[PDB]
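Working notes, structure below.
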Amino acid sequence: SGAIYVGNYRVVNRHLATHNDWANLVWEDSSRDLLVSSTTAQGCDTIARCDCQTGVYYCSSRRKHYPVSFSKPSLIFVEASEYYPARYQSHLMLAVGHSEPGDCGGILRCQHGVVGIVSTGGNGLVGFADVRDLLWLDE
Ligand SMILES: C=Cc1ncccc1CC(=O)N1CCC[C@H](C(N)=O)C1
Ligand SMILES: [Zn+2]
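Anchor point for the sequence shown: position 24 equals 30 in the authors' numbering, and the numbering is continuous, going up by one each time.
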């Protein structure tokens, strides 16, 4: 589990969105496994606006942060789950690292700020959903 809070927005994995998230829907995209909802209270996370390929991610199944090298955001084939059929998920970044299903939502961050959140995993490869191109999260 886990989310990003910047201004009046909450960024979660789409497959983990709540009834309150859908009742206050700003934007959602199944191909990216992303959902943004609106908040009464103000968030104070900083979103990275960069092309970094190294960073640290939080892994709840180990209660640890790990340094990783990741690929640039791209279209990557993801296996079928109870939330989606087998498909290409867009804006996905891969890293060699540990993850489990309950690890989705954990933040990946570089020296510039939040880059994205854990979204996929398997075969000792962890996939992150990029949020750096969503320029409207600040404005
Ligand atoms: C990411 C957790 C994970 N890690 C290791 C093993 C298995 C998983 C589960 C996983 O990858 N997904 C199930 C939830 C939906 C995801 C998606 N974006 O399509 C895919
Ligand atoms: Zn950066």
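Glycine included, every Cβ here is placed at the ideal spot set by N, Cα and C.
- Collapsing the DSSP output to three states places residue 131 in a strand.
- Ranking 58, 42, 26 by CA distance to the CA of residue 118 puts 58 first.
- Nearest neighbour of residue 77 by Cα position, chosen from 26, 108, 103, 52, turns out to be 103.
- With a minimum length of 3 residues, the unbroken runs of beta strand (DSSP E) contained wholly in the region 61–129 fall at 70–75, 80–84, 93–102, 113–116, 119–128.
- Residue 13 is bridged by DSSP to 49.
- By the neighbour-count definition (other C-beta atoms within 10 Å, threshold 16), residue 55 is an exposed residue.
- Counting along the chain, the unbroken alpha helix (DSSP H) around residue 27 starts and ends at 25–29.
- Bridge pairing for residue 43: 16, 31 [DSSP].
- Between residue 22 and residue 111 a beta carbon distance of about 6 Å is seen, short of the 8 Å cut, so the two are scored as contacting.
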